[PDB]
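Only one chain is included here, represented as structure tokens and corresponding to the form deposited in one PDB entry.
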């Protein structure tokens, strides 16, 4: 609610290009920790804090948001590897820019855009990151968008945003970070 950058209130002029290195690391999907109940304490806290949704409403919102079969993503300064249903796919990426999206509430967010240079990248040819930041800084978590047509197609996806935290965290530590 407060008008901060990470709540989506920022000046256009402060939005600056990033590089894939901001996202380098070994990352894990948070979805298993929603599914196993670890985040129930998060949804209970959020409901009691904001009053915007009940616990069940929050769980449904985050179920839609977090669902993915991409269980792990490993990122270097120039590559991304997606582990998805018994297969690993790794491609080399270039930065292709950024996009400011305006949400219905009136706040905004920035997606940082990457394109695979490999010819056979398929649904991983176009990849975008959202992490509540608008300019270079090491990512602490991210929400990903990916597909095989264009960056612009992905700007239409607002309700599913598979979400990733560092592999060295337990689900309990991820819950702690979400409560903070």
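Positions refer to the first chain, counted from 1.
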Mean CA B-factor: is it higher for 133 to 141 or for 38 to 46? 38 to 46
Would 68 to 76 or 92 to 100 have the larger average of its C-alpha temperature factors, as given in the entry? 92 to 100
Could you look up the Cα B-factor of residue 147 in the entry and say which third of the chain it sits in: lowest, middle or highest? middle
In terms of its chain's C-alpha B-factors, the third that includes residue 5 is the middle
Taking the entry's C-alpha B-factors for this chain, is residue 153 in the lowest, middle or highest third? middle
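One more form of this protein, deposited with a small molecule bound, exists but is not displayed; see below.
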Contact assignment for the small molecule in the entry with it bound, among 27, 31, 145, 124, heavy atom within 4.5 Å: 145
Which residue, 107, 74, 71, 92, has a heavy atom that falls within 4.5 Å of the small molecule in the entry with it bound? 107
Stretch from 114 to 122, 56 to 64, 37 to 45, 146 to 154 whose residues place a heavy atom within 4.5 Å of the small molecule in the entry with it bound: 56 to 64
Check whether residue 161 has any heavy atom within 4.5 Å of a heavy atom of the small molecule in the entry with it bound, and answer yes or no. yes
Hey, in the entry with it bound, is residue 130 touching the small molecule, heavy atoms inside 4.5 Å? yes
